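Trainee: Sequence unavailable; structure follows:
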RNA sequence: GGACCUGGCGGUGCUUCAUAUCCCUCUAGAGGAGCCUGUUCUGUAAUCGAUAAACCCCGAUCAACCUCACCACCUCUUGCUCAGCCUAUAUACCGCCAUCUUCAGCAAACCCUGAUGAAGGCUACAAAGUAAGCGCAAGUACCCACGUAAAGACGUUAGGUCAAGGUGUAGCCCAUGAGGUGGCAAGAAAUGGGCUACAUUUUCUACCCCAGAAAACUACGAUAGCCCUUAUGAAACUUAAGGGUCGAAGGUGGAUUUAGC
Ligand SMILES: [K+]
Ligand SMILES: [K+]
Ligand SMILES: [K+]
Ligand SMILES: [K+]
Ligand SMILES: [K+]
Ligand SMILES: [K+]
Ligand SMILES: [K+]
Ligand SMILES: [K+]
Ligand SMILES: [Mg+2]
Ligand SMILES: [Mg+2]
Ligand SMILES: [Mg+2]
Ligand SMILES: [Mg+2]
Ligand SMILES: [Mg+2]
Ligand SMILES: [Mg+2]
Ligand SMILES: [Mg+2]
Ligand SMILES: [Mg+2]
Ligand SMILES: [Mg+2]
Ligand SMILES: [Mg+2]
Ligand SMILES: [Mg+2]
Ligand SMILES: [Mg+2]
Ligand SMILES: [Mg+2]
Ligand SMILES: [Mg+2]
Ligand SMILES: [Mg+2]
Ligand SMILES: [Mg+2]
C-alpha cells in the first residue's frame, strides 16, 4: 500500500471536516477541540474493550497514522549515494568521518545511545546489527576527541526516577500526638500501620498485644528489625491492623508498613540505609499458578521412561 | 398456597395418614413452582389412593373414612 | 428529533447500493419487500407445525400461525357460525342447504349473519394468498335465493340486502327492494339510507333539477322514521353531486350549512368533495379562489381524526387548486396544516404524496426567492419525495430568472442520482442555458465539466434497440462550451459527428 | 501443532479477512465477538438456547443469501429484539435483497417469537486484510 | 447495465446540523451515515488501520452515537413531566426511618432473550427495627426467640425474607402477615411461659 | 441432522485430499485425480422442485403494469424446466472434457511455450 | 427438536428459498453412482435371498 | 433529572474451565477458556415511583448488547394499622 | 432427523420421564418415610417398579445436542468440548475467550 | 563399472556446550510392602481405540440399568429421517492434535556462481546474494520492566483418531440395519503410575504453636477384609460415606531411574 502526497492531502481535509462534526455531536466549540477530546469522544461513541490499544478505533491526524520517489522524470537519482542502497546511512557515516578529520587539522548518566529500531526511523532505511555498531563506534570516537560546540549538538541527536522513599505527611490527632500512617503488602496480606512519634514501644495488632498475636519468635523478630536498624527501640507506639494471608505473611506486611511510616521520624540518610537493607521494598514473590499438564507450578508428572 | 390444611377435611384427624399428609402440605406450601390447581391434584390423588387400600389399612388399625 | 434531510425513508436500507434512486425503484423496492412477507406468511400458515412452538414470555399472539381451515366437521347450527367467521362463502351456502334440508330450525340471527357475508362480497370468494368494469351482481346468485327461502324477515334482513346491491352496482334493483320494505311497515337504518342516495342519482342520468327533488324525498322519509343522519350520509350527497359541476355549486354549500346546525363537524372528506365540485378547468377561477380561503381559515390550527375514507384525498386536492391559482401564501397554510399533531398521515399513498409535493415544489420555485427555494429542495428531496423531470426543469427556469447559473453543475449531479441521467428534455435545457451566453473563465470551465459528463451519457445509453442519436441542439451546444472554456482540442473532434448524423451546425458555433 | 481457526501460510495469492487472519488467542485482544448476549455472564441463564439460535441463524443466512456474504454475521440482542448485521456483495439486484429481507425477518420472527431486524451493508468486493 | 452505487450522504452533511436526527435510536455503525474518518483494526507491518467501509470490527461495537450529550440533555428535558418531587421534609435517612420504619426490597432482572421470566424476582425482604414497634419487655423478649437468626442484636433490625409463593405480590402480603402474627403472638402470654 | 451439515468448501477439501501425506512424496497415482465441481454454477435464487414463482425474486415483480401474485408452475411446465436444466449441465461438462505433439507423443521436446512474458519497462518479445 | 429444523429447511429448499450445499453435494454423488452402477437395490429383491 | 447518584465498581469475577486440546488421547495437552464479568453499581437515592419508572425505562431501553442489569428497589412503607396497638 | 438412534432413544426416555414424573413422586413419598405401615410401603414398591423402564430418570443421558456425544459435554451449553471449542475458537460464543494468567 | 553431488549414518575427530542439564554435585521421591488404578498375558458366550521417545487415572472433567458399540435369546421390515450402518480403509481426507519446538528456521519471486551438471551461495578492515509472506521477536493476559502462561512456523514420523461429527471409495439392504429381555467385564502371573505407611521432626487429645499423655506381640500401620446401618436410585454383597470388628505385610528399599533454580 503506497500513499502518495495527493492521497494524504485529501485525508488531511477529511480529518478537519470530521473534527468539526465530532464537535457538533458532543456540543463543543470546534476551534478549541484538541486531540485529547477526540480520543475521549471516540472512546464513548465507539467503546472497545480490546486489550490491544492499537486495535481500537482511532481518529488521528494522517501524519501520525500513515508511515518518496528517489529520482526525477529524467531518471537521475537526486542523492549521489543512491546506488549504495543505504544512501541515508552512508551519508551519515560520510559526515561523521568528515568531522573527525577537521579535529586533527586544527588540533553521562540519564542518556543512552539511539537504539537500532529508533535509528531506522530517522533514516527510513533497514539496518543490520553490525552497521549500527559501526555507527556507534564513530560517535564514541567523536566524543573522546576535543569536539567543538557544533559537534556536541550533532551527537546529542542520537542520544536519548530518584530512588528515594516518599515520606508520609506527619498528622496530628485530637490529643495532639504526631504520627504517620502507611500501608504494606506481603503475598496476600495487607497491613496498615500507625506510628506515633513518641511512645513506650507498645505495638497492638488488631487490638491485641503483638506478643499475644505473634507467638512465634520469628514474627516478633521481623517487627523489631526496622526499629533495631535505626537504633530507636522503645521510642514509638504502633497501632496496626493486618488482614489476610498467614502467620508469616502478616508480619512481613507490618514490617514494611512500620518501616515506611518510620521514615518520617528519621533523617534522610537513615531512610537510604533502610532502603539498602531491604526494609522499604515490597517483596514481589507470590504463589505461582499450576499448569494444566503438570503436577504443580513447575513440577512435572512422572516421565514413564520405562 | 401456604394454608393447604383446608383440603385435608376428608382425611383422618389423627393418625399416621395425617402426619404423612401434614408433610405433603408443608412441602407443597414451600413450592413456588406449582399452582394451587396442581397442589390439590396431589392431595386428591392420595385421597383416592387411601380409599382403595382400605382393606390394607384395617389390618394396621387405621379407619380412613 | 426531526427528519433527516439527507436520507431516504426509514423503510429503505440505509446503503448507497440499496438506496432507491428513482421514484420507480422507491415503489418497486417496497413491493418486493412486501412480497417476502407474503411468501413467509404463505409458508407459516401452510406449515404451522414448524412455527407452533412458543418460547416467548409474555405470549405474542401476533407471531403465531393463523388457522383458516374450519375444525367442526359436523352439521349443526354452531358449525355454520364457524364457517361464517372465516368468510367461507361457498362452504356456508352449501352447508346451509344440508342443514335446511334436514329441517333443523335456523335462528334469525344466523341467517342474517350469512346474508351479510354474501351481500358484502356478492357471492364471491375473498382474495387469498394462494390456492372493475361491469356489474358483479349476478341474477342467479345465492343472495337472492336464500332471501326467498327465509320464512321470517326483520329489519336487518333488508338493510343488509340493499347495501349489498348498491356496492355491486345493482342500484336499480335496490330501489325496487326498498318499496317492499315500505310495504312491510318497517324502518330502515342510516346505512341503508346512505346507499339509497347513491343508487338514486346513479340509476338514471337525468338532469340535476329532477334529481334534487328526488333526493329530498329520501331525506324527508329519513325524518319521518326517527332516523338520524351521520357524516357519511352527507358525504354521499356531495360525492354524488360531483357530476353536476356548475349547478351543484350552491346546493352543495347548503349541505355544508346543515351539518353545522345539527352538530356534525365536517371532516377532510366533506371539504374535499366541495372543492372538486367547485373546481373546474376555467381560466377565471373566481369562485374557486374564495371557497378555498374560507375553508382553510376554518380548518386552520386543527387536528384531525379518521372518520371517512375520502379524508386522505383532501390534501392533494387543495394543492392542485393552489397551483392553478398560483398562490404561494395559500400553499404554506395547507402544508402548515399537515404538520400539526399527526395530520401528516392524511397525505395519502405514494401516488398521492408525490403529486402533492410535485405541485407544491413547482409553485415554490416559480413564485418565491431563489434562496429559500433551495432550502425546500434540500429538505423535501430526497427524504420526502423523489423528483420528476418536470421539477428539475422547473428549478432550472428559476435559476435562470435569478441569474444563479453556478448551481447547474449541482442540479445535474442530483438528476443522475434521481434517475434522470438519460432524459432528453432535461439535457436539452441544461446545455442551452449554460451555452446561452459567455461567462467568466472560472464559471465557463465548470459548465464544460458538466458537458463532458453529459456527453458521456449520450455515448453510453441503456437502450440499445435503436442507434445512438444526438439531438441537433445538444451537439451544437456541447461543442461551443468547449471552445469558450478552452478545450479547443476536443472541440475539433465533434465536427465529424455533425455531418455523420446530418445535424445542422449553427452559425454562432462557426463564427466563434 | 495447533490448527484451530488458523489459515496456513501460502505463496501469497490467498486473500484473508481480518477475522480470518487472527487466531483464537486474539479473540479478546484484537477481535471482538460475533454474538453479544448476556447468557454467558455470571448469574445469567439460557446460554444454551441463545447458542442454538446463533448456529441456525448463521446457516439460514448462508443458504438464503448464497454467494452474497462477504463476512461473518454480527448477531446483536437487546431485550426481545434480535439484530442481524451483515456485509453483502453488490452482485445481486436490490429487488432481490428487499425480498430476502422481508422473508427472513418475518420467517425468523414467527420461529423465535421475537422481533428480528436485518441490516445489510453492501460492499463492492470482499475486503482484504492481507494476502497469506 | 450493472447498477452503480450512489455517493454516500456523508458528503451532503453539514458541520452545523442536528446529529440526533441522524441517529435517533440505537442502530449499527453505518459508514455511509457517520461523517467521521474513524479507523479500526491492528495494522500490518508498515500499514495503517482498516477503514470503516466494510469493517466488521466497528459493527461489533455497541455504539453510543444515539446517546450523545446534546441528545441526553434534549431527551431528559422532555421527561421532566413524568417525574414527581420527593418530599422535602425527608432530608436525611434518619428522618425517613421515623415515618416509614419498614423497608421493602424487590429486584428486577433485565437479560436478553425472548422470555423475561426470572424466579429471582419473587424474593421479598422486609426489614424493620423493633424500636419502632409498640413492644414491651415481655413482647420484645419473646419476639426475638421466635424469629431466631432473623434478628441482629447489633442493629436491632428484624429481616423477613419470603420466597415461598411464585409472585412477588403474594410474598409481600405474606411478609406483612408474618409481622402481624408475631406481633400479636408476642403480646399474648401463655400458661407455659411461667416455667422459664 | 441439519446441524451436522457443512459447507461446500469443507466437503470438497476433504474429498479431494489435495493436502495429505500421499501428495507430499510421490505416494499417489495421477491416473484418476478427483476434480472439483461447482454445484451452484447453474442455480437461480428462488427455483425449487415445487415450481413456485416468487414475485420480485424468481420472476418479474410486475407484469403488464400490475404486481404479480404467488403462483406455482404446473407439472407439465415444471417437468420441462428440470429436463432443460440437465441439458445445460451436460453441455457445460462436455465442453470442459487438440494438441500438437513434438518429437514423440509423450515427449516434451519440440513443444512450443509461446513468446516470453513482456518486460515491465515496455519490453515485448 | 431436530425434526422441525430438518423439516423446515427441507421444505424451504424445495420451495427454492434455502440453498443447502451439503445436499447438493450428496445429490451429485448419488447421481454419479447410478451412472457407475452403484445404485441402491429394491427392498426385498436384494443381492441375498 | 435531578437525582442523587453514586458510582463504584465491584470486583470483577473470572470463571475459568479447561478442555482437552485433541479429539482423541493426548490428555496432557489441554486448552483453558474464561468468561470475564465486570460490574458497575449506580446507587441512586431519594427517588419516587414515577421518577424511577421513566429513568429506568430510559436507561433500560438503551442498555447495550452484552450488558445485563439487576435493579434492587428499597421501598419505604408505614406500619400496618393492626401493628399499631395490640388486640387486647 | 436426530444425529443417531442413541439420541432418539434418550428423546423418548425424556418424554416418558415427564409423563410419569408426578405418579412416581407420589408413590415414592409413601416409601420415603417411617410413618406408614410396611404393608402399604411394600405395595408401593411393586407399583413403581412395574412402570416402564424409560420413565426412570436415571436412564436419561446428557448428550450433545449437535453430535450426540455422551461424554465430554458441558452442561451450560449442552455441547461437547469439540463443538464448544469450534464455536469459541471462531468468536461465536459471547464472552468466551482463551485464558492466560 | 569409473568419478562426483545430496542426505543419512559412524563402537568418527576437534571445539564450544547443555544451567534443573549430559555426568558428578544439592533436595524429595520411584523401584522393596499393602491398597487404589491402568495395561499386558490368561480366562470368559461376551466390545473398540492409544500402545519406544510422543501408550499406559490415555479418549473417560469417568461403565450398577442407561451410557453400549459387546454376547445369548426373541422380535420388526420404506423402518425417528425423501431411510439406515460404531461396516472396511486414518495408507483417500477435512477437522482437532502430538512430536522435534526447553528450535529458528520455512519459502514464493528474482539474481549470480559452477564452461548454463546434480548442486551451491559466507568473511563487517566484508569476498554474491537480495527477500514479501510464515514463525520468532515485539505487543498483549496475569501482580510491573521480571517471571509464568499463551504463541511457536515450514517441514519430519504415510505419527494419532472413519468410534466426536462430517466425508471420498468399496461393501450390507428380511440385515453388517432397528428395537426389546437377561448378562459378562474376572484374576495364577507380570508390569506402569499413584495413595498410605514403616514412626519419635513420631502417635492420640486439647489448642491452633509456652500443654498433658502414649510409646513394640492391646505400640506405629489398611482408604483392605468381614458385619451392620445410612445416602442416592425403580433396582446396591455390589456405588459412596460412617460405625463396629479385625490389627497383616511392612522396620526406609539392589541394579536402575524421575522431577525440580
Ligand atoms: K555425509
Ligand atoms: K510396591
Ligand atoms: K490425520
Ligand atoms: K467417523
Ligand atoms: K467410512
Ligand atoms: K507403585
Ligand atoms: K494413622
Ligand atoms: K519404595
Ligand atoms: Mg507437591
Ligand atoms: Mg502415443
Ligand atoms: Mg501441545
Ligand atoms: Mg431403600
Ligand atoms: Mg446415569
Ligand atoms: Mg482392554
Ligand atoms: Mg450393561
Ligand atoms: Mg495417520
Ligand atoms: Mg498407521
Ligand atoms: Mg513475558
Ligand atoms: Mg505450553
Ligand atoms: Mg510469542
Ligand atoms: Mg451392530
Ligand atoms: Mg440389557
Ligand atoms: Mg474396616
Ligand atoms: Mg491397630
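Mentor: The structure has been received and is ready for your questions. Numbering: from 1, shown residues only, chains lettered A, B, ... in the order given. Ligands and ions are numbered 1, 2, ... in the order given.
Trainee: what's near enough to touch the residue nearest the centre of chain D?
Mentor: Residue closest to the average C-alpha location in chain D (Cα atoms, centre = their mean): residue D:73, at 1.1 Å. Neighbouring residues of residue D:73 by Cβ atoms under 8 Å, 6 or more residues apart in numbering or on different chains: D:34, D:57, D:58, D:61, D:84, D:85, D:86. (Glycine included, C-beta is placed from N, CA and C.)
Trainee: restrict those residues to those near chain I?
Mentor: Filtering those for neighbours of chain I using Cβ under 8 Å from any Cβ of the partner chain leaves D:34, D:58.
Trainee: Just the element for whichever residue of chain F sits closest to chain A, please.
Mentor: Relative to chain A, the nearest point of chain F is residue F:121 (11.0 Å; Cβ to the nearest Cβ). Counting by DSSP states H and E, no helix or strand carries residue F:121.
Trainee: do you know how far it is from residue A:68?
Mentor: Using Cβ to Cβ, to the nearest Å, residue F:121 is found at 21 Å from residue A:68.
Trainee: and chain H, which residues reach chain E?
Mentor: Residues of chain H lying close to chain E by Cβ under 8 Å from any Cβ are H:1-2, H:46-51, H:53-55, H:58, H:60, H:62-80, H:82-87.
Trainee: For chain H, which residue occupies the most central location?
Mentor: Closest to where the C-alpha atoms of chain H average out (Cα atoms, centre = their mean) is residue H:70, at 3.1 Å.
Trainee: Tell me the secondary structure at it.
Mentor: Look at residue H:70: counting by DSSP: H, G, I helix; E, B strand; the rest coil, its state is strand.
Trainee: Which strand residues bridge it?
Mentor: residue E:109 (DSSP bridges).
Trainee: so who does it touch?
Mentor: Taking Cβ under 8 Å, 6+ apart, one finds E:107, E:108, E:109, E:110 in contact with residue H:70.
Trainee: And those, which is closest to residue C:377?
Mentor: Comparing the contacts of residue H:70 against residue C:377 with Cβ to Cβ places residue E:110 closest, at 45.5 Å.
Trainee: Can you give me the neighbour number for the residue nearest to residue C:34 when sequence neighbours are not counted?
Mentor: Of all residues not flanking residue C:34 in the chain, residue D:102 sits nearest, at 6.6 Å (Cβ to Cβ, 6 or more residues apart in numbering or on different chains). For residue D:102, the neighbour count with other Cβ atoms under 10 Å in any protein chain shown is 22.
Trainee: Can I take it that residue D:102 is in a strand?
Mentor: No: judged by three-state DSSP, residue D:102 forms no part of a strand; its state is helix.
Trainee: Hmm, residue C:33 and it touching each other?
Mentor: Yes: judged on Cβ atoms under 8 Å, residue D:102 makes contact with residue C:33 at a distance of 4.1 Å.
Trainee: Can you give me the buried ones in stretch H:18-29?
Mentor: Buried residues in stretch H:18-29, counted by 16 or more other Cβ atoms under 10 Å in any protein chain shown: H:19, H:20, H:21.
Trainee: re the thing from before, and the buried ones among the residues of chain H next to chain E, selectable in ChimeraX?
Mentor: Here is the ChimeraX command that selects the buried residues among the residues of chain H next to chain E (16+ other Cβ under 10 Å):
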select /H:47,51,54,55,62,63,65,66,67,68,79,83
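Trainee: related to what we said a few turns ago, ok, now which ones touch the residue nearest to residue C:34?
Mentor: Residue D:102 neighbours (Cβ under 8 Å, 6+ apart): C:32, C:33, C:34, C:35, C:36, C:37, C:40.
Trainee: just curious, which of those is nearest to residue A:305?
Mentor: Ranked by distance to residue A:305 (Cβ to Cβ), these are led by residue C:40 at 66.7 Å.
Trainee: near chain I, which residues of chain G show up?
Mentor: Proximity of chain G to chain I (Cβ under 8 Å from any Cβ) is limited to residues G:2, G:3, G:5, G:6, G:7.
Trainee: Residue G:46: how many residues sit nearby?
Mentor: 9.
Trainee: sorry, that was for residue D:34
Mentor: Other residues within reach of residue D:34, judged by other Cβ under 10 Å, total 25.
Trainee: ok, so what distance separates it from residue F:6?
Mentor: Distance from residue D:34 to residue F:6, by Cβ to Cβ: 18 Å.
Trainee: Leaving out sequence neighbours, find the closest residue to residue C:512.
Mentor: Going by Cβ to Cβ, 6+ apart, residue C:512 has residue C:483 as its nearest residue, at 5.7 Å.
Trainee: Now do the same contact list for the one you found.
Mentor: Residue C:483 makes contact with C:491, C:509, C:512, according to Cβ under 8 Å, 6+ apart.
Trainee: tell me which element residue 16 is part of?
Mentor: You didn't pick a chain, so chain A it is. helix A:5-26.
Trainee: who does that helix touch, helix- and strand-wise?
Mentor: Helices and strands touching helix A:5-26, by 3 or more Cβ pairs under 8 Å, 6 or more residues apart in numbering or on different chains; DSSP states H and E, are helix A:35-45, helix A:62-65, helix E:69-77.
Trainee: Buried residues, the second one. List them.
Mentor: Using 16+ other Cβ under 10 Å as the test for burial, helix A:62-65 gives A:62, A:65.
Trainee: hmm, that helix touching chain E?
Mentor: Yes: residues of helix A:62-65 are located near chain E by Cβ under 8 Å from any Cβ, namely residue A:65.
Trainee: if we can go back for a sec, can you flag which of the residues of chain H next to chain E belong to helices?
Mentor: Judged by DSSP state H, the residues of chain H next to chain E include H:49, H:50, H:51, H:53, H:54, H:55, H:58, H:60 as members of helices.
Trainee: related to what we said a few turns ago, reformat the contacts of residue C:483 into TSV and put neighbour count and secondary structure next to each item.
Mentor: What follows is the contacts of residue C:483, written out as TSV (neighbours: other Cβ atoms under 10 Å in any protein chain shown; DSSP: H, G, I helix; E, B strand; the rest coil):
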residue	neighbour count	secondary structure
C:491	20	helix
C:509	18	helix
C:512	11	coil
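Trainee: Between the residues you listed, which sits nearest residue H:33?
Mentor: Nearest member of the contacts of residue C:483 to residue H:33, counting by Cβ to Cβ, is residue C:491, at 72.1 Å.
Trainee: for the closest one, what are its contacts?
Mentor: Taking Cβ under 8 Å, 6+ apart, one finds C:479, C:482, C:483 in contact with residue C:491.
Trainee: Up against chain C, what does chain G have?
Mentor: Taking Cβ under 8 Å from any Cβ as the contact definition, chain G meets chain C at G:1, G:4, G:7, G:8, G:11, G:12, G:15, G:17.
Trainee: Can you say which of the residues you listed are buried?
Mentor: For the residues of chain G next to chain C, a neighbour count by 16+ other Cβ under 10 Å gives the buried set as G:4, G:7, G:8, G:11, G:12, G:15, G:17.
Trainee: ok, and of those, which contact chain B?
Mentor: The subset of these within reach of chain B, by Cβ under 8 Å from any Cβ, is empty.
Trainee: Could you tell me which of those belong to strands?
Mentor: Assignment to strands by DSSP state E places none of those there.
Trainee: Tabulate the residues you listed (TSV), appending distance to residue I:66.
Mentor: Output for those, formatted as TSV (distance: Cβ to Cβ, whole Å):
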residue	distance to residue I:66
G:4	15
G:7	17
G:8	17
G:11	22
G:12	20
G:15	26
G:17	24
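Trainee: From the residues you listed, pick the one nearest chain D.
Mentor: Distance to chain D across those (Cβ to the nearest Cβ) is lowest for residue G:17, with 6.6 Å.
Trainee: got the phi/psi numbers for that closest one?
Mentor: Here is the backbone geometry of residue G:17 (degrees, to the nearest 10): phi -100, psi -10.
Trainee: Let me see the contact set for it.
Mentor: C:39, D:64, D:103, F:46, F:48, F:54.
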